[PDB]
Structures are given as structure tokens and as C-alpha cells.
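Report on the following structure.
Reminder, nothing fancy here: chain letters follow the sequence lines and each chain counts from 1. Below, each value reflects all heavy atoms present in this structure, side chains not excepted, and no hydrogens, waters or symmetry copies.
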Amino acid sequence: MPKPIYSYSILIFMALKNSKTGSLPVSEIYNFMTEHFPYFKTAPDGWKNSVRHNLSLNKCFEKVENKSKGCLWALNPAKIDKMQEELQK
DNA sequence: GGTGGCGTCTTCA
DNA sequence: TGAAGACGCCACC
């Protein structure tokens with residue numbers, strides 16, 4: 001169908017804020033996106049790469065220390081207001 | 001061949 | 001300057 005109106009940053013923010021602990025491995029970010037935005041179930045390859053590009057670059061998201069193979073990703077708490085504002089559009 | 005972290009390159013404002 | 005994202009690389013298993 002159409003792409004979501006949301007940037008990848010906001011899509012990731014939705015996935016993480018919706019989670020039980022507030023952090024997810026990227027495989028579960030993908031599952032959130034395909035479950036909530038069925039566009040991604042059939043989207044051309046590459047979108048996963050873009051999600052991970054955003055996670056690494058954006059200081060909005062922080063890589064969490066593995067507790068006891070993918071890392072967990074979490075929100076930068078100082079950037080939640082900004083992400084919340086952008087979501088309200 | 002898939003996965004995940006991060007990089008390159010272009011477009012645009 | 002830099003947001004934004006399409007697309008690439010490569011260590012690792």
C-alpha cells in the first residue's frame with residue numbers, strides 16, 4: 001500500500017515505547033513494524049538496513065549491554081520529548 | 001545464505 | 001549543516 005507517513009526514527013520509537021521493558025533486539029523491532037504497518041510485509045528489501053542505520057546513527061537510540069546474539073536497543077531518555085513531539089504530526 | 005552493526009551516497013530543505 | 005533514507009559492506013555464525 002502506501003508507505004507509513006512516519007520517519008524511521010518515529011517507527012522505531014513506536015516499537016520501543018510499546019515494548020515490555022522499553023528495549024528490543026532489532027529482530028523484534030522488525031516484527032513490530034510488520035505487525036503494525038503491513039506495508040513492510042511486502043516492502044522491497046532494504047528497509048531493515050535503514051532501520052539499523054537509524055539505530056546506530058541517531059543519538060535518539062542507545063545500544064544496551066547484553067544481559068547474560070543481537071544487542072538490545074533503548075530510547076535515549078533525553079530525546080523522548082522531541083520524538084513525542086514529532087509523533088504528534 | 002541470513003543476521004546485525006554500521007557505512008556510503010544522494011536528495012533536499 | 002544536517003535530516004532523511006536508498007543501498008552497500010563485512011564479520012560472524
Side-chain angles (χ1 to χ4, degrees), chain A residues 1-64 66 68-89:
Chain A
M1 57 258 267
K3 293 180 181 196
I5 39 159
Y6 302 118
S7 68
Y8 281 113
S9 282
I10 288 322
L11 293 164
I12 292 170
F13 168 67
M14 292 178 187
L16 289 180
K17 81 187 192 64
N18 183 265
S19 63
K20 170 69 208 159
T21 69
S23 63
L24 285 178
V26 70
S27 62
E28 299 284 1
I29 298 175
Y30 305 150
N31 293 336
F32 176 94
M33 291 174 59
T34 58
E35 174 193 4
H36 291 67
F37 300 81
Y39 168 78
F40 289 107
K41 315 180 61 74
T42 55
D45 290 327
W47 65 267
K48 289 178 180 180
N49 299 69
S50 294
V51 170
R52 310 190 297 278
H53 172 84
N54 199 297
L55 284 170
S56 285
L57 174 61
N58 198 336
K59 296 162 177 76
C60 288
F61 310 113
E62 305 181 1
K63 203 199 323 193
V64 185
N66 284 109
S68 160
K69 186 169 168 72
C71 278
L72 303 170
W73 293 91
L75 302 172
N76 177 348
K79 298 293 187 55
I80 290 175
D81 277 343
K82 173 187 194 83
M83 291 189 284
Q84 200 107 62
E85 290 164 20
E86 302 173 19
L87 173 41
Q88 303 311 317
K89 300 178 85 84

At a cut-off of 3.5 Å, list every protein nitrogen or oxygen paired with a nitrogen or oxygen from nucleotides 7-11 of chain C, distance to 0.1 Å.
| from | atom 1 | to | atom 2 | distance (Å) |
| --- | --- | --- | --- | --- |
| C/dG8 | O6 | A/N49 | ND2 | 2.8 |

*Side chains of A/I10 and A/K89: does their closest heavy-atom pair fall under 4.5 Å?*
no
*Tell me, yes or no, whether the heavy-atom count around A/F32 atom CZ, taken from other residues, nucleotides or ligands under 6.0 Å, exceeds 12.*
yes
*asked:* Tell me the interatomic distance from A/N66, atom CG, to B/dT3, atom P, rounded to whole angstroms.
replied: 18 Å
*asked:* Ring-plane angle category for A/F37 and A/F40, please: parallel below 30°, perpendicular beyond 60°, tilted otherwise.
replied: perpendicular
*Round to the nearest Å and state the distance from A/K59 atom NZ to C/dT1 atom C1'.*
13 Å
*pair A/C71-A/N66: side-chain heavy atoms closer than 4.5 Å*: yes
*Rounded to whole angstroms, how far apart are NZ on A/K69 and P on B/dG5?*
10 Å
*Between B/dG4 atom P and A/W73 atom CH2, what is the distance in whole Å?*
12 Å
*Provide, to the nearest angstrom, the distance between the CG atom belonging to A/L57 and the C1' atom belonging to C/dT1.*
14 Å
*Could you state the CG-P distance from A/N54 to C/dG2, rounded to the nearest angstrom?*
17 Å
*A/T21 and A/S23: side-chain donor and acceptor closer than 3.5 Å?*
yes
*Please, which pairs that meet ring pair (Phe, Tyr, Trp, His ring centres under 6.0 Å) have at least one residue in residues 8-30 of chain A, sequence neighbours excluded?*
A/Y30-A/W47
*Which residues in residues 2-29 of chain A have at least one heavy atom lying under 4.0 Å from any atom of DNA chain C?*
A/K3, A/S7, A/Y8
*Rounded to the nearest angstrom, tell me the gap between atom CG in A/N31 and atom P in B/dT3.*
11 Å
*A/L72 CG to B/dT3 P, straight-line distance once rounded to whole Å*: 18 Å
*Is there a side chain to side chain contact (heavy atoms under 4.5 Å, CB included) between A/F61 and A/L75 once you walk through the steps?*
CA-CA 5 Å; A/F61 310 113; A/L75 302 172; 3.6 Å; yes
*B/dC6 phosphate, OP1 or OP2: any side-chain N/O from A/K63 under 4.0 angstrom?*
yes
*A/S9: which of A/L87, A/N58, A/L55, A/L57 passes side chain to side chain contact (heavy atoms under 4.5 Å, CB included)*: A/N58
*Could you verify whether a donor N or O on one side chain and an acceptor N or O on the other, from A/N31 and A/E28, lie under 3.5 Å apart?*
yes
